[PDB]
Structure formats: structure tokens, C-alpha cells
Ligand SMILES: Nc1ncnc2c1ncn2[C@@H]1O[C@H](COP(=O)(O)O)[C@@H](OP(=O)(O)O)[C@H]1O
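Quick heads-up: it's one chain on its own, the form deposited without the ligand, in C-alpha cells.
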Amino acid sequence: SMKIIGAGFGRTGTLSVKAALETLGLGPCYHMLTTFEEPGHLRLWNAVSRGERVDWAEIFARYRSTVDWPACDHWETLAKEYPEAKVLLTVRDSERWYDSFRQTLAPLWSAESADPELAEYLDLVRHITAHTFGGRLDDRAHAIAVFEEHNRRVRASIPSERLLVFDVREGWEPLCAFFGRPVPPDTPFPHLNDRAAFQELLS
């Protein structure tokens, strides 16, 4: 069974959170980039996005946690599928979130590719764009409004004993306290960068 359902949007330090959760023994942790490493997973996520019934174990059987897209948009159904899992809402200053989103994802998500190998990913992020962002990615006011409303929704649905709201600026102490898992003294909190994986996809 899944232990942790990550409900925060991408660009909230998710690759660093992924690493931190794995260090605490709470992985393997799924991330957006896992969909490229798991054969057939983008097909399954597109089926989920279309509203089809998919057995969640076909995606998550070998995982114990998830962060980022694509799963964050499905936090409500995943929290009901895995009732014992905790929910982790990764957050960030809204201006910095949008800066990172427009520097990292908006060009890619807005692109066309002849490459049949990006086609499934593009289908998925086109769905997210339509369903979550109302068809616009290049508008800071609207995108920040979407981010802030998403975070409000999660906080208003999941009971506060089951939800941890976390920004990577806070470091280890809140994860370790919420999950009751130690990290060695003087361990720096991971600050990892996945920008190149997305920026290099098109080329």
C-alpha cells in the first residue's frame, strides 16, 4: 500500500522531497520523471486523465510515496483509495513557484513535437493545462490563482492530523517529526535540480 500521497504541484521542490522521503525509508517515491522510466505508465496516466477506470496498483504497486504531477491532481481519489496513507502538500512562495513553472515547464507544455516518444507526455500535460489551468499557462495572475486555490482545496479537505503542509525551506525537522523517522545529525537537506530533464526533452 502507498504510505504518502503527494498533493503539491510540480515546481515545489519535488525532486528534493523525493530524495528526502527515500532517505527516511518512505520510498520508493514516484515523481513526474518516473513516468519516463516505467514502460506504459504514461498510457495509464492518460487513461486516468480521460476518466477511465484504472487499477491504481498497475501504477503504484512498487512505490510507497508520490510527489509532483501527475498524481497531485488526483489527491482526492488517491486519499480515498489508500485511506491509511498520509497526505503531503508541498508548497512554495507563489511568485517563486510561477517563476520556476514558467522557466521550466511552460515552454515544454506548450510545445509540439514530431517525436512520437514525447507524444504521450504532451497528451498528459495538455490535459493538465486544460483541466487544471483553464487552458492558459502564460498568465502569472491566473496561474498563481490556480496554485493558491489548489492548496486551499487540499487543506480544506484532508483533516489536519493526516496532512503535512511542507516547504523545502523548512528542512528536515517537520518531515522527521510528522513521520517519526530520524535523519543523522548534521545532514543537509537535499537541494536537487531537475530543470535540465525538462528543458532537454524537446531537443
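Between two forms, the rigid core is defined as the largest C-alpha subset superposing within 1.5 Å. All residue numbers refer to positions in the sequence shown, first residue = 1.
According to the PDB record, 57 to 65 carries the higher mean C-alpha B-factor of the two stretches 57 to 65 and 166 to 174. Legend: mean Cα B-factor per stretch from the PDB entry, 9 to 17 versus 177 to 185; the higher mean is in 177 to 185. Of the candidates 115, 93, 73, 99, the one whose C-alpha carries the top B factor in the deposited record is 115.
Based on the entry's C-alpha B-factors, the most elevated value among 151, 34, 157, 49 belongs to 49. Among the modelled residues of its chain, residue 141 has a C-alpha B-factor that falls in the middle third, as given in the PDB entry.
Per the deposited record, the Cα B-factor of residue 88 falls in the lowest third when ranked against the other modelled residues of its chain. Ranked by C-alpha B-factor against the other modelled residues of its chain, residue 110 falls in the highest third. Among all modelled residues in its chain, residue 132 ranks in the highest third by Cα B-factor.
The same protein also has a form deposited with the ligand bound, omitted here; what follows describes it.
Only one of 168, 42, 164, 59 comes within 4.5 Å of the ligand in the deposited complex through a heavy atom, and that residue is 168. Though the partner is left out of this view, residue 195 does reach within 4.5 Å of the ligand in the deposited complex, counting heavy atoms only. Not displayed here, the ligand is kept clear of residue 187 by more than 4.5 Å at the level of heavy atoms in the deposited complex. Remark: residue 23 does not count among the residues lining the ligand in the deposited complex, judged by a heavy atom distance of 4.5 Å or less. Among heavy atoms of residue 110, none comes within 4.5 Å of the ligand in the deposited complex. Residues placing heavy atoms within 4.5 Å of the ligand in the deposited complex fall in a single listed stretch, namely 168 to 176, out of 153 to 161, 168 to 176, 45 to 53, 133 to 141. In the deposited complex, the ligand lies within 4.5 angstroms of at least one heavy atom of each of the following residues of 99 to 129: 100, 104, in sequence order.
A movement of the C-alpha atom of residue 19 falling short of 2 angstroms is seen between the shown form and the other one when the two forms are aligned on their rigid core. With the core held fixed, residue 184 shows a CA shift of 2 Å or greater between the shown form and the other one.
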